[PDB]
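So the protein lines, in turn, are chains B and A. Take any residue in the first sequence, note its place counting from 1, add 13, and you have its number in the entry's author numbering. Take any residue in the second sequence, note its place counting from 1, add 4, and you have its number in the entry's author numbering. Built from N, CA and C at the ideal position, the CB exists for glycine as well.
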Amino acid sequence: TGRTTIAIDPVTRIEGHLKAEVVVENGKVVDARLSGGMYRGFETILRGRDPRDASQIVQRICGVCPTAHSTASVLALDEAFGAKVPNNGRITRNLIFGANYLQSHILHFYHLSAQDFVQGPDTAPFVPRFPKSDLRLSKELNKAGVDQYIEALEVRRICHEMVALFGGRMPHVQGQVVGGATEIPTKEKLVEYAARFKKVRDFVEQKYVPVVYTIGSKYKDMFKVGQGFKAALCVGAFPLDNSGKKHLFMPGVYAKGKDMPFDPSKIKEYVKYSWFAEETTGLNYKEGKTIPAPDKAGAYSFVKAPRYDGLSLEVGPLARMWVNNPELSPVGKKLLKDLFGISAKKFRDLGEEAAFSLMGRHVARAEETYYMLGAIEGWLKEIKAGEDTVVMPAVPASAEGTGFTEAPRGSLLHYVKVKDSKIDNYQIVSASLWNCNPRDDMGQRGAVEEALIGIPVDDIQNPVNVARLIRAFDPXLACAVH
Amino acid sequence: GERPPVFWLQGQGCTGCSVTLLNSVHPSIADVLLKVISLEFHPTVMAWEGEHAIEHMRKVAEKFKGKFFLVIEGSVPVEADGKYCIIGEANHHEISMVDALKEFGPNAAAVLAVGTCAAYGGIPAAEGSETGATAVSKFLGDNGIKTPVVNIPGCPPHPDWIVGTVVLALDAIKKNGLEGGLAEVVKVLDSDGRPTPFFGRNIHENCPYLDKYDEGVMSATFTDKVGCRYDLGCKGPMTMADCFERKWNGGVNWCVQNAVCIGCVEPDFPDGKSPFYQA
Ligand code: SF4
Ligand code: SF4
Ligand code: FCO
Ligand SMILES: [Fe+2]
Ligand code: NI
Ligand SMILES: [S]
Ligand SMILES: [S]
Numbered sequence: 014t015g016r017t018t019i020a021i022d023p024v025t026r027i028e029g030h031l032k033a034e035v036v037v038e039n040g041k042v043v044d045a046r047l048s049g050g051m052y053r054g055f056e057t058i059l060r061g062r063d064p065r066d067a068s069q070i071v072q073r074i075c076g077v078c079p080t081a082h083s084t085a086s087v088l089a090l091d092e093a094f095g096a097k098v099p100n101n102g103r104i105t106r107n108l109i110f111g112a113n114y115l116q117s118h119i120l121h122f123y124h125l126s127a128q129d130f131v132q133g134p135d136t137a138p139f140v141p142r143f144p145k146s147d148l149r150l151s152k153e154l155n156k157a158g159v160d161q162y163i164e165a166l167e168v169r170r171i172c173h174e175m176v177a178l179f180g181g182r183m184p185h186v187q188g189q190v191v192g193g194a195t196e197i198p199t200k201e202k203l204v205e206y207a208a209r210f211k212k213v214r215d216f217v218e219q220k221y222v223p224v225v226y227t228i229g230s231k232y233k234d235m236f237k238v239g240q241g242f243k244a245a246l247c248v249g250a251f252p253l254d255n256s257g258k259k260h261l262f263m264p265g266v267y268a269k270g271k272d273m274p275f276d277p278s279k280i281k282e283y284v285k286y287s288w289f290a291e292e293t294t295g296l297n298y299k300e301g302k303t304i305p306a307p308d309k310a311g312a313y314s315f316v317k318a319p320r321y322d323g324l325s326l327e328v329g330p331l332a333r334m335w336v337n338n339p340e341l342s343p344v345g346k347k348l349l350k351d352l353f354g355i356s357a358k359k360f361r362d363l364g365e366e367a368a369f370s371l372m373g374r375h376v377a378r379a380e381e382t383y384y385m386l387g388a389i390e391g392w393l394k395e396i397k398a399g400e401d402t403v404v405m406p407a408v409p410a411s412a413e414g415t416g417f418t419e420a421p422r423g424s425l426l427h428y429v430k431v432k433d434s435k436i437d438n439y440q441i442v443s444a445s446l447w448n449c450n451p452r453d454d455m456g457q458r459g460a461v462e463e464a465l466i467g468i469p470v471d472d473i474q475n476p477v478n479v480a481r482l483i484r485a486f487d488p489x490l491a492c493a494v495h
Numbered sequence: 005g006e007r008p009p010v011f012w013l014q015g016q017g018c019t020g021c022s023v024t025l026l027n028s029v030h031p032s033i034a035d036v037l038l039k040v041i042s043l044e045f046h047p048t049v050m051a052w053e054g055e056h057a058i059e060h061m062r063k064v065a066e067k068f069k070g071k072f073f074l075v076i077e078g079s080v081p082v083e084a085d086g087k088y089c090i091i092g093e094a095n096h097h098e099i100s101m102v103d104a105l106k107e108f109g110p111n112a113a114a115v116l117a118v119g120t121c122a123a124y125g126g127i128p129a130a131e132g133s134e135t136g137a138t139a140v141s142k143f144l145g146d147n148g149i150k151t152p153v154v155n156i157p158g159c160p161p162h163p164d165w166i167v168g169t170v171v172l173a174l175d176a177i178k179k180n181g182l183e184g185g186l187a188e189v190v191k192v193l194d195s196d197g198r199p200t201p202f203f204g205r206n207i208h209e210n211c212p213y214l215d216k217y218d219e220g221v222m223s224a225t226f227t228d229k230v231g232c233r234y235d236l237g238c239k240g241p242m243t244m245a246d247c248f249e250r251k252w253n254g255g256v257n258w259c260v261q262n263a264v265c266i267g268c269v270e271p272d273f274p275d276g277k278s279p280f281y282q283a
């Protein structure tokens, strides 16, 4: 068969404003463009402010992952100010932020992604939908998915209670500032956090991780599509001591079948196909500039195009779990054997092709959730009730700092330059920026654009696999554009 | 009874309004969606996508003309002919937030502007912005659209403020009809469009640390929870909200206990509440 061109705007069951346009020929995607259609301009709004305001302002980039921006911002401020965060504040920050990993991954699989494979109740917002939605689960297993969707609503709410115990509230924590965390954990509130954590752990181990492998086993064809560049980025996250060298996720780049170190000087943001002034293309974040140009011919997105030494990389759970190669959960090992016939001990035992796939990214996210449980368990043993968590540094007149972390959806950095005790420049290079960006100046596609190539579309009237692929990356266009 | 149709349109928002609503305890969000409202369009959670999702909303809007509720999250950017916020595409034409509000605004029973961005402009309209970010009520008024607007601000709002205002409005309409009930709702809005049950009282005047404020006992570090937070930047004196007793996230904390209030419900947030960390 010939060509059909399909535009999807809005792509739903993601966060934010995204149009996807694919060219389908002979039943497969052969080209793709992603367009982020909403811009706010945090990088210019921030200029001239007290630098400490940043760790509140930047959270409003995104209400799903605000703790990630809070973290990147206070780390950047920590560096710029010379703030020496007390050890107990490092742990408290990890407890605040780690709890939202659990919230975000559970939200993404059940409340954003699961309807790709499960038919919800016969009322809005679960209907109407594609008449041929390719929903393969038995009546029993479908009902189980709906029941878990409903239970997961309570579980993700409990995760935000965990965030708020030491973060003040959620969305948009008050509890992280330059210098550490604003509230010393008490024994009483640590028991409250732990009791909620136990309920989340049970759900993750008994329902979430098993259901992802189980649904995946009914959709084994979805491990054979969505490979894209098979190239990934991790910048490191969640320090496990004050050395600055040991982290729950260690940094690394993976491309063309090779592991390589991460050098942040290799990051450049291109804008040829983005609605920004042509003269701003090719800037490292330390010299970044944000000059919107919504009428620029040929551009098709408010997302800049980040490249790592010219490479187009993806970010997120798959990227982190591939780069770090942790041992698989007990659940995963067993169901990989029983349901897939796969003998695996570590994450990379999935194989590059299966890991870098539509369903592989859902599996990585589930495995990572399980991985995070162990980290939070350790922090709950490490934290000292009553030990101070903050220092109160003076605002410098002149300074710069960069904060690197991993948001639930992938690598995040904030760069701040202070002059006359105010923000002179603030540049954000976020997770869904790396995934959902347009072509760079030489025409090389962004990671999701490339992963769409080869996606099957047997029925152009029900092109469900296009957005299925996109949702596997858990996109957040508010983060991508800011 | 029949749950009213609701369209949830996101302009220049961060989705924090939707997320805060997901944290509702009583009623739960499942109860809200299955028993209180019929959420016919919401890009974050709905099953369908693309032009089909847009066309579904238009079909519902036609069928329930004058009777659906429009929730607007985020501000409405008017610069560059609306191109700073495109929310969909149908019949080969892009739909800006400007277009959408002009299309559905006139035909809604009421507009609920949820969050400070939608209510007052918020961070997207703050100093350094250049998209023409505009509050919902201002945009509708500037364009001659007379549909009643209820502001439920906060960055984000508390879930109870959103759900509670919906319940209050639906109660009014049950007992007085649509026009009678909406008249009653408007009567309990303050001059900034906020329902007085949640926004009629001042944080500082009802703050548990007011005794320390009066005594001049001020915390010098965030982790000192004995003193008043004023010197650390607390904006409670200029903020109208019930967080002092409602608390957040199931009652586990609130901003003043944990750090400082930043005045997130106020029309001048953020610029009139900044710098956040000095008085
Ligand atoms: S300044 Fe803040 S902490 Fe102090 S009494 Fe007023 S509201 Fe409470
Ligand atoms: S305490 Fe202040 S900053 Fe916190 S939610 Fe209430 S009004 Fe907003
Ligand atoms: N997670 C998350 Fe948000 C995105 N993309 C950031 O950074
Ligand atoms: Fe940026
Ligand atoms: Ni985000
Ligand atoms: S996000
Ligand atoms: S986050």
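Residue i, buried or exposed, once every other Cβ within 10 Å from all chains shown has been counted against 16
i, result
"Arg142 of chain B", "buried"
"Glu201 of chain B", "exposed"
"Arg103 of chain B", "buried"
"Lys350 of chain B", "exposed"
"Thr138 of chain A", "buried"
"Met101 of chain A", "buried"
"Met455 of chain B", "exposed"
"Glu419 of chain B", "buried"
"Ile228 of chain B", "buried"
"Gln219 of chain B", "exposed"
"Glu131 of chain A", "exposed"
is_contact[residue i, chain B] using C-beta, thresh 8 Å
i, result
"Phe273 of chain A", "no"
"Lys69 of chain A", "no"
"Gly132 of chain A", "yes"
"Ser278 of chain A", "yes"
"residue 318 of chain A", "Residue 318 of chain A is absent from the structure shown; chain A starts at 5 and stops at 283."
"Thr227 of chain A", "yes"
"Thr243 of chain A", "no"
"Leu25 of chain A", "no"
"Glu93 of chain A", "yes"
Neighbour flag for residue i against chain A, beta carbons, 8 Å
i, result
"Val159 of chain B", "no"
"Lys430 of chain B", "no"
"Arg65 of chain B", "yes"
"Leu166 of chain B", "yes"
"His375 of chain B", "no"
"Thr57 of chain B", "yes"
"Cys449 of chain B", "no"
"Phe143 of chain B", "yes"
heavy atom of ligand 3 below 7 Å from residue i C-beta
i, result
"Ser117 of chain B", "yes"
"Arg378 of chain B", "no"
Distance cut-off 7 Å: residue i Cβ against heavy atoms of ligand 7
i, result
"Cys78 of chain B", "yes"
Proximity test, residue i beta-carbon vs ligand 6 heavy atom, cut-off 7 Å
i, result
"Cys21 of chain A", "no"
"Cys75 of chain B", "yes"
"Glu28 of chain B", "yes"
Chain-ordered chain B contacts of residue i [CB-CB under 7 Å]
i, result
"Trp165 of chain A", "Those within 7 Å of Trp165 of chain A in chain B number zero; the least Cβ separation is about 13 Å."
"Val49 of chain A", "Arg26, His124, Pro138"
"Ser223 of chain A", "Going along chain B, no residue has its Cβ under 7 Å from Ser223 of chain A, so there is no contact; the nearest lies around 10 Å."
Beta-carbon neighbours of residue i, restricted to chain A and to distances below 8 Å
i, result
"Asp308 of chain B", "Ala84, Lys87"
Partner residues on chain B for residue i, Cβ-Cβ distance less than 9 Å
i, result
"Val269 of chain A", "Correct list: empty, because the minimum Cβ distance to chain B is about 12 Å."
Heavy atom of ligand 2 within 7 Å of residue i beta-carbon
i, result
"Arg182 of chain B", "yes"
"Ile166 of chain A", "no"
Cross-chain neighbours of residue i in chain A, by beta carbon under 7 Å
i, result
"residue 499 of chain B", "Summary: the structure shown does not reach residue 499 of chain B, with chain B confined to residues 14 through 495, and so no result is reported for it."
"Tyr52 of chain B", "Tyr88, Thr135"
Listed by chain order, chain A residues near residue i by CB distance under 9 Å
i, result
"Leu203 of chain B", "By Cβ distance, chain A contributes nothing, its closest Cβ being about 12 Å from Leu203 of chain B, past 9 Å."
Any non-hydrogen atom of ligand 4 closer than 7 Å to residue i Cβ
i, result
"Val442 of chain B", "yes"
- Would you say the stretch 291-309 of chain B touches the stretch 48-59 of chain B, given that touching needs at least three Cβ pairs under 8 Å? yes
- Between the stretch 180-198 of chain B and the stretch 133-140 of chain B, do three or more beta carbon pairs fall short of 8 Å? no
- Task: Count the C-beta pairs between the stretch 459-466 of chain B and the stretch 235-250 of chain B that are closer than 8 Å, then say yes if the count reaches three, no if not.
- Result: yes
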